[PDB]
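Peer 1: Residue numbers for the sequence shown follow the deposited numbering, so the first one is 3 and each next one is one higher. Every residue gets a Cβ at the ideal spot worked out from N, C-alpha and C, and that includes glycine. Okay, here's the structure, questions in a sec.
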Amino acid sequence: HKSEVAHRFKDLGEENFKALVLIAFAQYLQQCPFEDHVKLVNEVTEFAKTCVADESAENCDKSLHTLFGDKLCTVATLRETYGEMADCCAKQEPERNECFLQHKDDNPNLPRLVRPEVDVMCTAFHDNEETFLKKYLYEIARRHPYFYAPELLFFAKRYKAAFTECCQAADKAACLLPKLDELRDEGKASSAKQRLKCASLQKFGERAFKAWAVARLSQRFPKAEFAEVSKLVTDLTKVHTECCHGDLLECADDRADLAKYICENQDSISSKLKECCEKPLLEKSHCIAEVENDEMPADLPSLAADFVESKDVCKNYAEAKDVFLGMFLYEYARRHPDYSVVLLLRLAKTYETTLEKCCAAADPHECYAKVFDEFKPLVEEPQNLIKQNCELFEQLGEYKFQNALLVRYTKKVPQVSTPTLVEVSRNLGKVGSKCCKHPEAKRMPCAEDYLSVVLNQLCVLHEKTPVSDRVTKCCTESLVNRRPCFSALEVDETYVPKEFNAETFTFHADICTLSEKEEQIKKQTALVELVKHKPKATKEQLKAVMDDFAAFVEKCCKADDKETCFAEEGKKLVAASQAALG
Ligand SMILES: CN(C)c1cccc2c(S(=O)(=O)N[C@@H](CCC(=O)O)C(=O)O)cccc12
Ligand SMILES: CN(C)c1cccc2c(S(=O)(=O)N[C@@H](CCC(=O)O)C(=O)O)cccc12
Ligand SMILES: CCCCCCCCCCCCCC(=O)O
Ligand SMILES: CCCCCCCCCCCCCC(=O)O
Ligand SMILES: CCCCCCCCCCCCCC(=O)O
Ligand SMILES: CCCCCCCCCCCCCC(=O)O
């Protein structure tokens with residue numbers, strides 16, 4: 003009301019409040035030490051209570067932006083530590099706030115955060131639970147200035163649970179380790195998706211984004227009217243735009259609003275929202291944004307009615323092209339929760355091309371009457387890839403399936419560095435085990451989501467070290483053409499084999515003491531190196547060496563004087579294998 007701080011405090015609660023203030027400050031003063039921030043939090047929090055007691059007390063009427071800005075400029079070593087950023091304090095709001103966003107280094111030069119030993123972590127945890135988690139919250143926040151604060155807080159709590167459960171466990175490590183890994187990946191995923199979306203909104207512009215939204219929102223809320231979906235798409239676009247700009251507050255307020263709105267009108271939006279709309283302010287958004295797709299209406303007409311048969315297609319279309327196409331998407335999206343958003347985009351795109359040609363011809367209806375037929379091969383491509391791939395994965399295991407992928411892509415883009423090929427293939431495989439476990443009706447949406455980050459990661463670390471033009475075409479192609487572009491890659495006939503290296507195929511017994519994740523990655527690296535040396539090798543040939551090798555390993559890791567073995571058979575293997583592969 004008359005005091006923003008007081009208000010947020012009352013809403014959030016002391017705990018959440020102090021956690022967010024901490025995260026907020028860690029995202030700007032990325033260089034200040036943890037103790038420094040904690041003091042700021044306390045000073046701000048104390049101030050907050052002052053205003054809760056008397057909404058009219060000093061400065062309590064100031065805006066969060068101003069309050070935050072002033073506290074920020076309070077840091078003495080500001081100009082010494084951040085230099086140019088200190089010049090932000092001369093400017094008045096909102097230039098001051100704006101000035102800060104511009105100096106929020108999206109990727110500082112901080113040391114990789116190392117994972118301590120389970121025991122040391124559990125003891126730290128148990129001894130001083132609060133500072134143990136805050137301290138790490140701080141470490142993550144400063145390294146990820148754009149990670150939406152509240153989501154970060156959401157993660158912290160999942161971590162807390164893991165430590166509370168696991169540190170009591172018999173085998174602490176067997177309980178904790180796996181959870182920490184599932185949280186990391188999930189965190190990397192949220193990070194990549196966020197930057198991805200913002201990146202998209204940047205290059206491709208609003209339209210394409212709204213297009214994406216209509217499709218996603220329709221699949222999720224098939225019972226809502228198109229007018230409700232357009233309303234939501236509009237607000238969601240403002241939200242992502244603002245949130246991408248990096249301003250936490252503005253971003254948060256838009257998010258709360260849209261959640262409030264959706265809840266009040268939840269009856270005309272989705273039935274699956276009850277649960278989500280009860281939750282606390284800080285958790286509404288998160289919940290809603292992930293809510294399962296609602297059951298789609300049973301009495302739903304054939305699309306062909308309003309989009310192929312009708313004699314007013316072009317009329318309705320010229321009247322408002324995008325609204326029409328949007329309606330197409332809305333209609334097609336909600337009848338297919340099983341389609342990937344991007345696949346729906348391809349149809350809509352295809353439909354649009356057709357209408358553009360057809361509506362400027364003798365008689366439209368004749369020209370576009372069989373367009374749905376143009377869809378068939380489009381829908382099928384992603385489906386046959388999924389079946390063909392999940393099948394292979396069912397036979398072979400995650401690991402063996404990854405090797406298949408390894409051989410397949412190395413042949414496609416031999417120029418790519420071996421360590422890059424190994425990672426991509428591994429991640430690709432994970433997507434394989436994570437999605438194939440799903441009923442065929444949810445597979446495609448699943449692949450889209452995991453595959454989207456993986457391909458982006460692939461593109462980013464190639465943007466940097468350009469190795470192939472073909473990978474660059476795919477990486478800079480339409481966001482809806484990206485995946486098919488890669489699927490279209492064919493064996494590289496131009497590639498010239500890599501001169502043989504003895505050092506690259508010699509193994510030591512240390513391959514026995516190494517952990518699974520390490521043995522595999524050590525074997526897989528040799529595999530990519532093998533293919534990069536003899537690309538003309540048939541699956542049979544390769545399957546031979548791999549079999550020979552596999553034994554070699556086990557065999558040499560189950561006999562005395564290991565080192566002797568690996569060097570003795572080593573000569574033999576390399577020798578025999580080289581001849582088999584001409
Ligand atoms: C849940 N989420 C906030 C996260 C938790 C733990 C680690 C996270 C990381 S991370 O550990 O820094 N992940 C590193 C790679 C792995 C490493 O070097 O340790 C990174 O890509 O930046 C990134 C993004 C989100 C994370
Ligand atoms: C709570 N509300 C304000 C929302 C915030 C952010 C995303 C939202 C979405 S969404 O973008 O379609 N849901 C996203 C996941 C959430 C995210 O990445 O932010 C998706 O399926 O790709 C739907 C409804 C409400 C949303
Ligand atoms: C997300 C905020 C909660 C902070 C608690 C993190 C505790 C785990 C410490 C290890 C993190 C390093 C990343 C990793 O390798 O797992
Ligand atoms: C609410 C109306 C906004 C939706 C506009 C419909 C756009 C459909 C065209 C699909 C093109 C995808 C963009 C792209 O080429 O990347
Ligand atoms: C001066 C410090 C300001 C403290 C930061 C308060 C902003 C956090 C509000 C969180 C609201 C939840 C929004 C959402 O649902 O995403
Ligand atoms: C021309 C020298 C070729 C000999 C080197 C063979 C090494 C290839 C990697 C084998 C890994 C197979 C995967 C596995 O069985 O786990």
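(1) Would residue 71 be called buried (16 or more neighbouring beta carbons within 10 Å of its own) or exposed?
(2) Buried or exposed: residue 170, going by 16 or more other Cβ atoms within 10 Å of its Cβ?
(3) Rounded to the nearest angstrom, what separates residue 570 and residue 549 at their Cα positions?
(4) Within the same chain, show all residues whose beta-carbon is closer than 7 Å to that of residue 455, passing over the 5 residues directly before and after it, in chain order.
(5) Counting along the chain, where does the alpha helix (DSSP H) carrying residue 423 start and finish?
(6) Between which two residues does the alpha helix (DSSP H) holding residue 547 run?
(7) Threshold first: 3 residues or longer. Then list the beta strand (DSSP E) segments lying entirely within the stretch 13–45, N to C.
(8) Can you look up residue 248 in the DSSP assignment and give me helix, strand or coil?
(9) Where does residue 412 land, buried or exposed, given buried means 16+ other C-beta within 10 angstroms?
(10) Tell me whether residue 398 sits in a helix, a strand or coil according to DSSP, three-state version.
(11) Just to confirm, are residue 453 and residue 426 a CB contact at a threshold of 8 Å?
(12) Would you identify the three-state DSSP class for residue 492, choosing helix, strand or coil?
(13) Among 306, 65, 74, whose alpha-carbon lies nearest the alpha-carbon of residue 375?
(14) Rounded to the nearest angstrom, what separates residue 572 and residue 392 at their Cα positions?
(15) Give the straight-line distance between the Cα atoms of residue 331 and residue 481, rounded to the nearest whole angstrom.
(16) Around the Cβ of residue 420, are there at least 16 other Cβ atoms within 10 angstroms (buried) or fewer (exposed)?
(17) Let me make sure I understand the geometry here. Which of 57, 35, 49 has the alpha-carbon closest to that of residue 4?
(18) Since residue 261 and residue 286 are thought to touch, with beta carbons under 8 Å apart, how far apart are those beta carbons, to the nearest angstrom?
(19) Given the structure, does residue 576 come close to ligand 6, in the sense that its CB is under 7 Å from one of the ligand's heavy atoms?
(20) Can you tell me the Cα-Cα spacing of residue 161 and residue 229, whole angstroms?
(21) Less than 7 Å between the CB of residue 261 and some heavy atom of ligand 5, yes or no?
(22) Count the other CB atoms within 10 Å of the CB of residue 404; is the residue buried (16 or more) or exposed (fewer)?
(23) Report, in whole angstroms, the separation of the C-beta atoms of residue 565 and residue 511, which I expect to be a contact under 8 Å.
(24) On the three-state DSSP scale, how would you describe residue 379?
(25) If distances are taken between C-alpha atoms only, which option among 39, 94, 78 comes closest to residue 137?
(26) Measuring only the C-alpha atoms, how far is residue 295 from residue 88?
(27) Assuming residue 23 and residue 43 are in contact, meaning their beta carbons sit under 8 Å apart, how far apart are those beta carbons, in whole angstroms?
(28) Once DSSP output is grouped into helix, strand and coil, what is the label at residue 302?
(29) Using three-state DSSP, classify residue 58 as helix, strand or coil.
Peer 2: Let me lay it out:
(1) Position 69 of the sequence shown, counted from the first residue, corresponds to residue 71. Buried, because 16 or more other Cβ atoms sit within 10 Å of the Cβ of residue 71.
(2) The count along the sequence shown starts at 1 and reaches residue 170 at position 168. Around the beta carbon of residue 170, fewer than 16 other beta carbons sit within 10 angstroms, so the residue counts as exposed.
(3) By one-based count along the sequence shown, residue 570 stands at place 568. By one-based count along the sequence shown, residue 549 stands at place 547. The straight-line gap from Cα to Cα measures roughly 18 Å.
(4) Reading the sequence shown from its first residue, position 453 is the one you call residue 455. Closer than 7 Å at the Cβ level, and outside the excluded window around residue 455, lie 191, 194, 195, 198.
(5) Mapped onto the sequence shown, residue 423 falls at position 421. Start and end: 420–437.
(6) Position 545 of the sequence shown, counted from the start, is the residue given in the question as residue 547. First-last of the alpha helix (DSSP H) with residue 547: 541–558.
(7) As far as the stretch 13–45 is concerned, it has no whole beta strand (DSSP E) run of at least 3 residues.
(8) Numbered from its first residue, the sequence shown carries residue 248 at position 246. Residue state, collapsed to three classes: coil.
(9) Counted from its first residue, the sequence shown places residue 412 at position 410. Residue 412 counts as buried, since at least 16 other C-beta atoms from the protein chains shown sit within 10 angstroms of its C-beta.
(10) Taking the first residue of the sequence shown as 1, we reach residue 398 at position 396. Reduced to three states, the DSSP call for residue 398 is coil.
(11) Numbered from its first residue, the sequence shown carries residue 453 at position 451. Numbered from its first residue, the sequence shown carries residue 426 at position 424. For residue 453 and residue 426, no; Cβs fall outside 8 Å.
(12) Here residue 492 corresponds to residue number 490 of the sequence shown, with the count starting at 1. The answer is coil: DSSP assigns residue 492 none of H, G, I, E or B.
(13) Residue 375 sits at position 373 when you count from the first residue of the sequence shown. The shortest Cα separation from residue 375 among 306, 65, 74 belongs to 306.
(14) As a first step, residue 572 is located in the sequence shown; it is residue number 570 there, counting from the start. As a first step, residue 392 is located in the sequence shown; it is residue number 390 there, counting from the start. Put simply, the backbone Cα of residue 572 is about 35 Å away from that of residue 392.
(15) Position 329 of the sequence shown, counted from the start, is the residue given in the question as residue 331. Position 479 of the sequence shown, counted from the start, is the residue given in the question as residue 481. Their backbone Cα atoms lie some 17 Å apart in a straight line.
(16) As a working mapping, residue 420 is identified with position 418 in the sequence shown. Classification of residue 420: buried, given that the 10 Å Cβ count is 16 or more.
(17) For this step, residue 4 is matched to residue 2 along the sequence shown. The residue among 57, 35, 49 with its C-alpha nearest the C-alpha of residue 4 is 57.
(18) Taking the sequence shown and counting its residues from 1, one reaches residue 261 at position 259. Taking the sequence shown and counting its residues from 1, one reaches residue 286 at position 284. That pair is a contact at about 4 Å.
(19) Counting from 1 along the sequence shown, the entry for residue 576 is found at position 574. At least one heavy atom of ligand 6 is nearer than 7 Å to the Cβ of residue 576, so yes.
(20) Against the sequence shown, residue 161 aligns to sequence position 159. Against the sequence shown, residue 229 aligns to sequence position 227. Rounded to whole angstroms, residue 161 to residue 229 spans 40 Å at the Cα level.
(21) For the purposes of this step, residue 261 is identified with residue 259 of the sequence shown, where counting begins at 1. Checking the Cβ of residue 261 against ligand 5 gives yes.
(22) Position 402 of the sequence shown, counted from the first residue, corresponds to residue 404. Buried, by the Cβ-count rule.
(23) On the sequence shown, position 563 is the one that residue 565 refers to. On the sequence shown, position 509 is the one that residue 511 refers to. Sure, about 5 Å apart at Cβ, within 8 Å.
(24) Taking the first residue of the sequence shown as position 1, residue 379 is located at position 377. For residue 379, the secondary structure class from DSSP, reduced to helix, strand or coil, is helix.
(25) Against the sequence shown, residue 137 aligns to sequence position 135. With distances taken between Cα atoms, residue 137 lies closest to 39.
(26) The residue labelled residue 295 in the question sits at position 293 within the sequence shown. The residue labelled residue 88 in the question sits at position 86 within the sequence shown. When the Cα atoms are used, residue 295 and residue 88 turn out to be separated by approximately 48 Å.
(27) Here residue 23 refers to the residue found at position 21 when the sequence shown is read from its first residue. Here residue 43 refers to the residue found at position 41 when the sequence shown is read from its first residue. At roughly 5 Å, the Cβ-Cβ gap stays under 8 Å, so residue 23 and residue 43 are in contact.
(28) Taking the sequence shown and counting its residues from 1, one reaches residue 302 at position 300. Residue state for residue 302 is assigned as coil, using DSSP reduced to three classes.
(29) The residue labelled residue 58 in the question sits at position 56 within the sequence shown. DSSP places residue 58 in coil when its eight states are reduced to three.
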